[PDB]
Amino acid sequence: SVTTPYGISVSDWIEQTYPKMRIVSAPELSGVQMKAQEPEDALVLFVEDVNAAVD
Amino acid sequence: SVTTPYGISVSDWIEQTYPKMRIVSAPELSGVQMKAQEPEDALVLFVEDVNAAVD
Amino acid sequence: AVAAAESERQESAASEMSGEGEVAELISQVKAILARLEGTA
Amino acid sequence: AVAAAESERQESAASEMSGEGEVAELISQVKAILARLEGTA
Amino acid sequence: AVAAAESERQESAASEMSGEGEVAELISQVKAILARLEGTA
Amino acid sequence: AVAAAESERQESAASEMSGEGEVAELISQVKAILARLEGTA
Amino acid sequence: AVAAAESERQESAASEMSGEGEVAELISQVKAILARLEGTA
Numbered sequence: 274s275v276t277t278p279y280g281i282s283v284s285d286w287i288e289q290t291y292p293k294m295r296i297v298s299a300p301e302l303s304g305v306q307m308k309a310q311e312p313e314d315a316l317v318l319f320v321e322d323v324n325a326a327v328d
Numbered sequence: 274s275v276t277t278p279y280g281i282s283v284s285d286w287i288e289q290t291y292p293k294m295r296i297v298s299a300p301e302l303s304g305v306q307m308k309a310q311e312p313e314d315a316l317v318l319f320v321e322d323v324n325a326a327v328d
Numbered sequence: 286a287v288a289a290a291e292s293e294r295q296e297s298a299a300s301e302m303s304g305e306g307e308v309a310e311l312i313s314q315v316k317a318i319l320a321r322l323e324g325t326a
Numbered sequence: 286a287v288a289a290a291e292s293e294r295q296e297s298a299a300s301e302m303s304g305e306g307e308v309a310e311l312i313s314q315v316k317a318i319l320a321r322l323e324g325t326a
Numbered sequence: 286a287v288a289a290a291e292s293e294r295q296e297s298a299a300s301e302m303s304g305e306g307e308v309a310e311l312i313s314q315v316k317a318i319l320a321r322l323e324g325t326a
Numbered sequence: 286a287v288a289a290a291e292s293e294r295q296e297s298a299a300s301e302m303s304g305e306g307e308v309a310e311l312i313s314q315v316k317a318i319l320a321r322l323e324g325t326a
Numbered sequence: 286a287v288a289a290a291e292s293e294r295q296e297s298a299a300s301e302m303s304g305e306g307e308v309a310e311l312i313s314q315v316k317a318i319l320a321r322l323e324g325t326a
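Structure below.
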């Protein structure tokens, strides 16, 4: 929801750039690692399914 | 309906950020409390319903 | 009956949520009606 | 009542507002017609 | 058919209107076809 | 069917046009299917 | 039941895509149901 100072959110950028991009948020992806005491948060970008025709 | 000086409303930001967020305005939610003489106006964000399968 | 009531209810909710959300929810309810039409026949 | 004059009144109204509201009301009227189609069968 | 020609014209016009105008005219014509579907049965 | 294959090709092509073009082409194909439904009955 | 499973999985997938993608996927599913309705009759 962070917006550039003119009013375009990161969500708007995704909508106008990757319209069919599935976006989910999971509690277990927060604090995956600890650098020294700060719980490192995670982002995972992955293809869900791949068609069986090509391979 | 208040905008940035470049033509993006708060409603537009909600549209592009939380498109399915219900927005209602109630007469009884205005002037809920008193600071000293100024009727304090309120905002309540809440989940409507929670599915019963999870719990 | 109960189905129609639920439809009307979700419709009034889908009238108070932005424009993209409203259009998405209305199209989803439309598709639910078409799925019911398929189920009848 | 007549169910047609009200439909044209809603059509005029929807065409008179802005684009998102017009598309929302048109899909709502489409849903109403689909629900009446379900009710007939 | 007369109706066929009418629909074809509507399409040609909506295709050369802008995006929201097109997405509104197409749903208006879809609603017209749905009204005809209700009328026939 | 020939019509089925044609509609599949239309969908595939629409999937690569931008969002407004996507929704316009999909609604146009929906209108074509509804017109064929009217023609059958 | 297979078509219902496909429709519900596609609804869950399209729920969290952005607004344009959600509308596009929902309209594509609506058209799929219309094509199936055409095939049945």
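These protein sequences, in sequence, are chains W, P, U, C, B, R and G.
Residue numbering for the first sequence follows full-length UniProt numbering, starting at 274 and increasing by one per position.
Residue numbering for the second sequence follows full-length UniProt numbering, starting at 274 and increasing by one per position.
Residue numbering for the third sequence follows full-length UniProt numbering, starting at 286 and increasing by one per position.
Residue numbering for the fourth sequence follows full-length UniProt numbering, starting at 286 and increasing by one per position.
Residue numbering for the fifth sequence follows full-length UniProt numbering, starting at 286 and increasing by one per position.
Residue numbering for the sixth sequence follows full-length UniProt numbering, starting at 286 and increasing by one per position.
Residue numbering for the seventh sequence follows full-length UniProt numbering, starting at 286 and increasing by one per position.
We put the beta carbon where it would ideally sit given N, CA and C, even for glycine.
| message | Between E307 of chain U and chain C, is any beta-carbon pair separated by less than 8 Å? | response | Yes, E307 of chain U counts as interfacial toward chain C.
| Taking Cβ positions only, does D285 of chain P come closer than 8 Å to chain W? | Yes, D285 of chain P counts as interfacial toward chain W.
| alpha helix (DSSP H) segment containing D285 of chain P, residue limits | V283 to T290 is the span of the alpha helix (DSSP H), which, as asked, contains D285 of chain P.
| If we cut at 8 Å on Cβ distances, does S313 of chain G have a partner in chain W? | Judged by the 8 Å Cβ criterion, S313 of chain G is not in contact with chain W.
| field | For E313 of chain P, the three-state DSSP class (helix, strand or coil) | value | Looking at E313 of chain P - three-state DSSP - the assignment turns out to be strand.
| Can we count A299 of chain B as close to the ligand ATP, meaning its CB is less than 7 Å from some heavy atom? | As presented, the structure is devoid of all ligands, the ligand ATP included, so that no description of it is given.
| In chain G, which residues lie less than 7 Å from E323 of chain U when you measure between Cβ atoms? | Chain G residues near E323 of chain U: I318, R321 and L322.
| Whole-angstrom distance between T276 of chain P and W286 of chain P, CA atom to CA atom | The C-alpha of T276 of chain P is placed about 10 Å away from the C-alpha of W286 of chain P.
| said: If you follow the alpha helix (DSSP H) that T276 of chain W is in, where does it begin and where does it stop? | reply: Element bounds for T276 of chain W: n/a, residue is neither H nor E.
| query | Using the rule of at least 16 other Cβ atoms within 10 Å of the residue's Cβ for burial, across every protein chain shown, is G304 of chain W buried or exposed? | reply | If you draw a 10 Å sphere on the C-beta of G304 of chain W, you find fewer than 16 other C-beta atoms in it, and that means exposed.
| message | Does any residue of chain U have a CB that is nearer than 8 Å to the CB of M294 of chain P? | response | Closer than 8 Å: yes.
| So, is the C-beta of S297 of chain G closer than 8 Å to a C-beta in chain U? | Chain U contact via Cβ: absent.
| said: Quick check on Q314 of chain R: buried or exposed, where buried means 16 or more other Cβ atoms within 10 Å of its Cβ? | reply: Buried: at least 16 other Cβ atoms inside 10 Å.
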